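**Q** only geometry, no sequence info:
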Ligand code: FES
Ligand SMILES: [Mg+2]
Ligand SMILES: [Mg+2]
């Protein structure tokens, strides 16, 4: 399991490694981007493995490691969303919005 | 902190009507909203008999003089709970008013559940929300019956979790477990709109009063 | 320590209930096994918990493993507690006659030092509740679950002296032979007191039990009654 | 108060339906 | 956490007893508000019963004197061709005008129902409202 | 101060008496394809099919004439201790209120 401190240290390491890679490739570290990181890592570590995921990768720790839940209530205990106790706050919020849009109208190649 | 408790939380309980909920409504207003119109005599529930003025051509009439006192007590309790920053959860399975109730709950900064009630929201909350979830301090039923004309499971679950309940109870409903029942019509849109207006206004004024009193206490 | 018998689970203590998910601790609660049965295989256990100060409850746990059944029953029992009123924190307020399903229970209030002369399961539950002096007789089917349900129901539905005073609006006065004709007022109405006396019922229309009348008249001859027994 | 309802038999009670031969020999 | 025996007592009695016994360390947020402002009835569970024998519901039928007049009207002049407007809190039907005139004629005159009926009909026709028998 | 008894006594709904075969004015408040939901001042609305004659005039807010049959449709069925209600009034749609 990946504790948040581990992810924080990974983020710091990625930032320092990004500045190192920009130093190596002669580019300005400030404007150095993820496309630039991909190009530089493809040049420095050439790999013709057919699997694009078996090739060397230098990604942000957020992207490469999985994600976790979000906090749904603060220290006072009150949930942030008014539809929290449904257990499907996002879905029912979306349905509520759609129904309101339909009510407003009633008053008035792709998949 | 003792002075804070005494001046903020204990003071409002010393007054009969601290938030002045009595001027939000009157018997004439409830009459104009058709709050007195109940179901037919054949659908009458026994425990709703004491609240019924009579039966007008096989149609029950809800005594509004009792509704006034019951609504006064319910609105006072709701205002006091909102002043105490308690979580308030409106519940209603009447799909004609789901949108209105959700809008009202969002407006007064409280919570709504107008959808299918999955087994164990309240009794099994720790597994379904998390080990540290906070349950509502008060539940307001605008409709106490589900769509098969049987009590909402949330009534019994709220009794089990020792959560006080306010409820609008029609002539065919069971008020035995609602802590603060309000006999009234819950079908006609006018009555439901009136209930939503009253409860929203009470909660909002209670919150404003809480902020005002805290600010005054801090200044002095 | 053994329970009611050497090879019996009943009467054995399971220790304090586990700290609940609600964040509460129950180090003051004691748990006792009332019944263990094989369900045809799984195990069904009936246990009772109590803190000795009026708070008591009971629950059933079902599971393939006996320890899991114990844990389930205990944790569910702590969340279904009754509060039992006690007269001077040693006995019940009045005689209670009840029938649950086919089990009849007759409980009698007793003075201090009388002990617990009751069915062994009733003795265990009374030790958990905190009752120290009481008499109890069980008739009909001796079904452990019905016995427990009836006991908890009757003990929860007892009217205290304060409740009786408030209902009748009169002074509840105790007469003790050891204290002579001194009237001891144990409860007074919180509201105003009625100025008219109760009807002096010349002969009340009460339902008497033939066993009690037989015992009072000396016509009971049972060789098993009033036998010497260890302290309870 | 004069507005209270008064005890009374239903004045709108419709007559019981009769068969086509009711009252005829 | 409190007891879940919803059929025993009420939430207030259970919470009060468990707070007194020490099981609950602190009273819940609503306890003081309830205690200061209790409901008219303590919310104790009760099983509704079916009535049998001579036991009858105590609900009375709502009748007024003028209903009799109304009945006669709706049987003689029939339902008024004019439609009811229940949204108007002060709507006045032809039957209501007839009832008011009948009551006035009763209070300013004698008490013979048939004579009152015909006199009321005459007065309303004089006013100019159509009443087809 | 008017009491509830006076309000009930002088209410138009009380004055109407029996609801069967009474002409009332209702207002359309909801339309679902060809089904019009009409409030006439009672506890429940009544739902009527859009007429085939001049059907386009029936819109939300439209005033219509109704012949009431029942303020609420209920009936007790075999093996039941309470009436079953559809939560709807029974009425006949006549036309538009000119
Ligand atoms: S209905 Fe009267 S004789 Fe047949
Ligand atoms: Mg209803
Ligand atoms: Mg042995």
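**A** Noted; the coordinates are in hand. Numbering: from 1, shown residues only, chains lettered A, B, ... in the order given. Ligands and ions are numbered 1, 2, ... in the order given.

**Q** next, residue F:26: secondary structure please.
**A** What DSSP: H, G, I helix; E, B strand; the rest coil gives for residue F:26 is strand.

**Q** those strands in chain C, which residues are they?
**A** Ranges of strands in chain C, per DSSP state E, are C:30-39, C:42-50, C:55-63, C:82-83, C:96-100, C:103-109, C:116-117, C:134-140, C:172-174, C:184-187.

**Q** do the fourth one and chain B meet?
**A** Put plainly, it is strand C:82-83. No - Strand C:82-83 is not in contact with chain B by CB under 8 Å from any CB of the partner chain; minimum separation 13.3 Å. Quick note: C-beta positions are derived from backbone N, CA and C, even for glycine.

**Q** that strand - contacts with which helices or strands?
**A** Applying 3 or more CB pairs under 8 Å, 6 or more residues apart in numbering or on different chains; DSSP states H and E, one finds that strand C:82-83 contacts strand C:55-63, helix C:144-156, helix E:11-20.

**Q** nearest to chain D among those would be which one?
**A** In terms of CB to the nearest CB, the element of the helices and strands packed on strand C:82-83 nearest to chain D is helix E:11-20, at 35.9 Å.

**Q** next helix or strand past the closest one?
**A** Sequence order places helix E:31-36 as the next helix or strand after helix E:11-20, per DSSP states H and E.

**Q** related to what we said a few turns ago, now the helices and strands packed on strand C:82-83 as TSV including mean neighbour count and distance to chain F?
**A** Shown next, in TSV, are those (neighbours: other CB atoms under 10 Å in any protein chain shown; distance: least, CB to the nearest CB, whole Å):
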stretch	mean neighbour count	distance to chain F
strand C:55-63	21	32
helix C:144-156	20	27
helix E:11-20	19	28
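
**Q** between these, which one is nearest to ligand 1?
**A** Across the helices and strands packed on strand C:82-83, the minimum distance to ligand 1, taken as CB to the nearest ligand atom, is reached by helix C:144-156, at 56.3 Å.

**Q** tell me the angle that closest one makes with strand C:42-50.
**A** Calculated by axes from the mean of the first three to the mean of the last three CA atoms, to 10 degrees, helix C:144-156 forms an angle of 20 degrees with strand C:42-50.

**Q** got the residues of chain B near ligand 1?
**A** Residues of chain B lying close to ligand 1 (CB under 6 Å from any ligand atom): none.

**Q** spell out which parts of chain B neighbour chain D.
**A** Taking CB under 8 Å from any CB as the measure of proximity, chain B contacts chain D at B:54, B:57.

**Q** could you pull out the helices in chain B for me?
**A** With DSSP state H as the criterion, chain B has helices at B:2-4, B:27-32, B:64-83, B:98-107, B:125-129, B:153-160, B:189-219.

**Q** and those helices: which comes nearest residue A:3?
**A** helix B:125-129 (22.9 Å; CB to CB).

**Q** report the contact partners of the residue nearest to residue B:55 when sequence neighbours are not counted.
**A** Among residues not flanking residue B:55 along the chain, residue B:41 sits closest, at 4.9 Å (CB to CB, 6 or more residues apart in numbering or on different chains). With contact taken as CB atoms under 8 Å, 6 or more residues apart in numbering or on different chains, residue B:41 is in contact with B:55, B:58, B:59, B:60, E:59.

**Q** mind listing the residues bridging to the first one?
**A** What it means is residue B:55. Under DSSP bridges, the beta-bridge partners of residue B:55 are residue B:60, residue E:61.

**Q** is it true that it touches residue E:63?
**A** No - look at residue B:55 against residue E:63 with CB atoms under 8 Å: they stay out of range, at 10.3 Å.

**Q** any chance you could list what contacts stretch C:149-167?
**A** C:56-58, C:82-85, C:87, C:92-94, C:96, C:98-101, C:103, C:105, C:107, C:122, C:125, C:129, C:171-172, C:186-191, E:8.

**Q** what's the spacing between it and its chain's center?
**A** Relative to its parent chain, stretch C:149-167 has a centroid offset of 11 Å by CA atoms, centre = their mean, to the nearest Å.

**Q** state the distance from the residue of chain B found nearest ligand 1 to chain C.
**A** Distances between chain B and ligand 1 by CB to the nearest ligand atom are smallest at residue B:58, namely 24.6 Å. Going from residue B:58 to chain C by CB to the nearest CB, to the nearest Å gives 39 Å.

**Q** what about that residue, distance to residue F:69?
**A** 14 Å (CB to CB, to the nearest Å).

**Q** repeat that for residue E:15.
**A** According to CB to CB, residue E:15 and residue F:69 sit 51 Å apart.

**Q** looks like residue E:2 contacts residue E:18 (just checking).
**A** Yes - in terms of CB under 8 Å, residue E:2 counts as a neighbour of residue E:18; the distance is 5.7 Å.

**Q** what is in contact with those two at once?
**A** Counting by CB under 8 Å, 6+ apart, the common neighbours of residue E:2 and residue E:18 are residue E:24.

**Q** excluding sequence neighbours, find me the nearest residue to residue C:193.
**A** Excluding its sequence neighbours, the residue lying closest to residue C:193 (CB to CB, 6+ apart) is residue C:169, at 5.9 Å.

**Q** hang on, that neighbour packs against residue C:196?
**A** No - Residue C:169 lies out of contact with residue C:196 (CB under 8 Å); the separation is 9.8 Å.

**Q** need the overlap of contacts for the two.
**A** By CB under 8 Å, 6+ apart, residue C:169 and residue C:196 have no common neighbours.

**Q** quick one, which of the two is more surrounded?
**A** residue C:169 (16 against 7; other CB atoms under 10 Å in any protein chain shown).

**Q** with chain E as the reference, measure out to the more buried one.
**A** When residue C:169 is compared with chain E (using CB to the nearest CB), they lie 19 Å apart.

**Q** can you tell me which residues contact the residue nearest to residue C:193?
**A** The contact partners of residue C:169, taken as CB under 8 Å, 6+ apart, are C:189, C:191, C:192, C:193, C:194.

**Q** for chain A, what lies in contact range of chain B?
**A** Residues of chain A lying close to chain B (CB under 8 Å from any CB) are A:72-73, A:76-79, A:82-88, A:92, A:96, A:99-100, A:103.

**Q** among those residues, which ones are buried?
**A** The neighbour-count criterion (16 or more other CB atoms under 10 Å in any protein chain shown) marks A:73, A:79, A:82, A:83, A:84, A:85, A:86, A:92, A:96 among the residues of chain A next to chain B as buried.

**Q** near chain E too, which of those residues?
**A** Restricting those to those touching chain E (CB under 8 Å from any CB) yields no residues.

**Q** any chance of those in a markdown table, with secondary structure and distance to chain C too?
**A** Shown next, in a markdown table, are those (DSSP: H, G, I helix; E, B strand; the rest coil; distance: CB to the nearest CB, whole Å):
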| residue | secondary structure | distance to chain C |
| --- | --- | --- |
| A:73 | strand | 16 |
| A:79 | strand | 19 |
| A:82 | coil | 25 |
| A:83 | coil | 25 |
| A:84 | helix | 19 |
| A:85 | helix | 18 |
| A:86 | helix | 22 |
| A:92 | helix | 27 |
| A:96 | helix | 32 |
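
**Q** lovely, talk soon.
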